[PDB]
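Next comes just one chain, in C-alpha cells: the form solved without S-adenosyl-L-homocysteine (SAH).
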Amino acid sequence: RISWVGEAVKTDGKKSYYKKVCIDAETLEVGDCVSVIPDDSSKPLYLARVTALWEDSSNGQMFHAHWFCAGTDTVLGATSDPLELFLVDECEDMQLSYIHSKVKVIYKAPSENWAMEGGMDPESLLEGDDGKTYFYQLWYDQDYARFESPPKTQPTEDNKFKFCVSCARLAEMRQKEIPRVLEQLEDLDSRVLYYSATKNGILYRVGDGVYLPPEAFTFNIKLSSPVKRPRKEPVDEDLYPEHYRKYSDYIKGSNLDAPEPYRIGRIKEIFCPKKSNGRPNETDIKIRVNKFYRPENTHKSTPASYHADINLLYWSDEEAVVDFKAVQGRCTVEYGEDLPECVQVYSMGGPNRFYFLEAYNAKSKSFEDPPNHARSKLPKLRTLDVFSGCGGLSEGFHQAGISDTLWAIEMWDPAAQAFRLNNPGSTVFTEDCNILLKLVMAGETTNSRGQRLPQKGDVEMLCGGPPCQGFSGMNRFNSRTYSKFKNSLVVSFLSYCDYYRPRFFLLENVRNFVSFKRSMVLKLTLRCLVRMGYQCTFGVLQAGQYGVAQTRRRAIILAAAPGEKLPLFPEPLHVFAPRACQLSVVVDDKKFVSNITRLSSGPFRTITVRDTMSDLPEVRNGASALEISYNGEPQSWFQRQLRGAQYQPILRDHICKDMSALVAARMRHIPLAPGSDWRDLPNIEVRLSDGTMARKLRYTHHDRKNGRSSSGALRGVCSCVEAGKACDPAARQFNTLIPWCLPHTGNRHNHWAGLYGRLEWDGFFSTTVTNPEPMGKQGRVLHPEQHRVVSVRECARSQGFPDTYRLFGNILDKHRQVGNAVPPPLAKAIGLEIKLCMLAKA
C-alpha cells in the first residue's frame, strides 16, 4: 500500500523519480519532514527531510533522508532545548517502508529586529525552551563544535526535483580535498608542466611561496653534530644532598623538543610525469622549488637567528623536487629592495609574509646580491571590555585594527587606572557589572560618576574574562554550586551579551573553563549563546604559538550575530614545545578540536627568553629605580617590536621585589646551568647580608623510600618520614640554605621541581604569575644569570606588552596587572580572524 502519485518526473537508469507518494492515510512530497524508526526501540526516533522520491528497479520504493541532529547529540547534550534540531551534513538513501510518520519542523529564523530583542532573565537563558513543535535555527559541525547560520547552497534545474544540500556540500568538500592541476604550460621529454594547481581551496602558481615540512629537503650546508650533554656526571653528595631528587631528565621550560619551522620554497615548476602514451599522470603532482635559507640554516647556525627579523630569508639557487601533497600552505616571499613600501610596513600588512635582501652561496659560505630572476579604511568596532584588567585583550584587538574600546569595566582600581592611562578616550567603570546593567535596563543614562552608560546599538563588540570563583572544581554541580553559577559573573557577562547583542563576542578564560563541573560551565555558556540565537564555538589556544616566550593555554569562546560570519581560530604562527600544545577537549566522551591544521610545524621560529629580555640592563635584587637607561639598542626582532619605532630614551618599571637576606643568599647559590633549582643548592653555612647566618640542613630520620647518600647519611628531615608517625615539632629546622619544608614534603609534590628555579635563555617562561615567589607553586622565577627574581618589565615582555604600555601602583600591583592580562599577541591573532569576518560579511 505504497502508491506513487502521478507520473514519473524523470527516468534515469534504474530509477524513476516522483514528486509525491501515498503511504496509508498520508501523502508525502519532496521537502516534507519525517520520522524514521531505529533498530534500538529504546533510542528515540530519527528525523529527516525527504529530498528525493524514486522507484528503483532493484531496491523498490526509496527516498533520500537528510538527517537532522538532535540538540542532545551536540556538545550541548542534556542542556539543549528538547525540541531543537540542528542541520548537519548527514544523509542517506532509505526504503520508504522505514518512514514512521510525517512531522512538522519549523525554521526559526532571526527577525530583522533581532538586535533589539534581548533582555531575557538568566533562568530563561539557561533553561528556557521554545515550547512549540520541532524547530531548527543553526547548522552544526560535530568535529569543531561550531554552530553557524544555515548554508545558502543553491540548486539548478538539473537537480531541483532531487536536490540534497548535504550531498552537494559533501561533494564540494571532497573535491576541495583532492590536489588538482589546472593550466598547462609546456610538454617536455618526460613530464608535463602546468601553470597553476589547487589544494585545500588554495591556488598555487609558478613563482609563489610554499610552506613545506622540515623533512621536505635539506640544505647544502649539511649540519654539525653537536657535542651532546653527558649522562649527568656525578656530584659531591655531601655538598649537594638534594641533587638526587633530580633523577628525572625533563627540564621545565626547555625548547629542546620544539620542532623546526617550515621549509620555505619558491615554486619554479609544477609538473606531472608522463604516462607511457604521453599523457600526464595527473594523480601524481610534483613541484620544483628554489630553497630559501633562514639565517639559522646558513653556516652561521642558530646565533644568526638572534638579531634577525623573524621573517628574513636568504635566496639561493639550490633546487628541490617535492610532492605537491606535501605543501602545507602558501606564503608571500618578496625581494625587499623592490617593495613600494618599507620592510616593516610590508611585514605588518598581512599574514605569511617573508622577505629577502641577499642570496646565500653555500659553496662559498658568503652572501651576494640576488639574481635578476629572483625579482619578477574599515571602520573599527565600538567595543566594551568587561573585566578588562589593565587592558591586554583590548590592546591586542586595537593592534589588529578591529576595535576601539570605548567602555571598560574593572573593579580593581590600580588596573582601572592603568587602563585609563593607556586609553584616554575610554570610559572606565569601576562598579559591579550587575549594578551597571540594572541601571541601563532601568533607563538610566549616566552612572553615579557622571559617566555615560552604553546603550543598545552603541556596543558592537563585547569581550572579557569572567572569574569562575565558587565553581572551578571538576566535580558535578549540586544545588548550592549551581546556584552560585546562576548568580555568577559568567552569567552576568552572558546577560550583557543578550542585552546589547553585539556583532561579535569573545569570552576568554583559563584552559580548564572547558572542564569545570563536568564541562557543564562550558555547555551552559554555549547553550545561552544558542538560546540568544548566536553562532558560536569554543577552543583552546596556546599563547606561545602566537609569539611570546611563555606557556599559557586559554579557553576561548567565540560568537557572531546572525548576518555575520563566525570566525575561525587563528593558525599557530610560531613553533612551540609540543607538550605545551595540547589543545583538544573531551566533553561527554566526544573529543573536540578547533579548525587549526598546523599541528607539527609553523612559519616562524619559537620566541625565547633571550628574545624576550637579553637587552635589559643588569639590576639588583630589590631594584626600585622606576626610570633608567636601557644601556643599549634593541637586539632581537621581538625587542625591536616591543620598544617600537619612536626612540625611547627611558626604560620604565625594570624593578624587582626586594627578597629577604636568606632568600637572596639562596638565589645567589642556584647554578646557572639550564634546569637548575633548589635541588642544586649546596648544604653549607653562609653569612647573610644582615649579619645573620644561614645554617646547614641536618638529616635526622631514615627515609626508607629515598634511601641514603653514598656516604651513608640519612635523607629524612622529620619523623613523619615514617609510615604513620606524625610530625615532631622539635624536628623542624630554621634558616637553612636548603629550605627545610621542601625535603619535608617533596616525596608527595614531585620533589617541588622548579622552586627557586632559573629561567633559561633558550627556553620559555612558565605562565607569568601575578606575584613571583621562589618557594611558591610557580617558583621558576629566577633570572637566567642575575641573582634575583624577574622584574615587572621582564614579566611584561613575557606577556608581549609594548615597553610604552603604562602600569599603575606599587610593584605588587604592577606584577598583578601584568600577570592577569591576556598577552596582546594572542589577542591580536584572534582579532585578525575577526577582521577577516568583517571584510567577508555578505
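The numbering used is simple: start at 1 and walk along the sequence shown.
Quick note: we don't show the form deposited with S-adenosyl-L-homocysteine (SAH) bound, though the next part is all about it.
At a distance threshold of 4.5 angstroms between non-hydrogen atoms, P467 is in contact with S-adenosyl-L-homocysteine (SAH) in the bound PDB entry.
For the chain shown alone, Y756 is not a contact residue for S-adenosyl-L-homocysteine (SAH) in the bound PDB entry, no non-hydrogen atom being within 4.5 angstroms. Although the partner is absent here, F387 is a contact residue: one of its heavy atoms lies within 4.5 angstroms of S-adenosyl-L-homocysteine (SAH) in the bound PDB entry. In the bound PDB entry, S-adenosyl-L-homocysteine (SAH) sits within 4.5 Å of a heavy atom of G392. Of the residues given (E112, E368, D432, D187), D432 alone sits with a heavy atom within 4.5 Å of S-adenosyl-L-homocysteine (SAH) in the bound PDB entry. Note on the partner interface in the bound PDB entry: the residue among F219, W412, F604, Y699 having a heavy atom within 4.5 angstroms of S-adenosyl-L-homocysteine (SAH) is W412. Only one segment in the set 404-412, 101-109, 444-452, 718-726 has residues whose heavy atoms sit within 4.5 Å of S-adenosyl-L-homocysteine (SAH) in the bound PDB entry; it is 404-412.
Scanning 7-26 for heavy atoms within 4.5 Å of S-adenosyl-L-homocysteine (SAH) in the bound PDB entry gives no residues at all.
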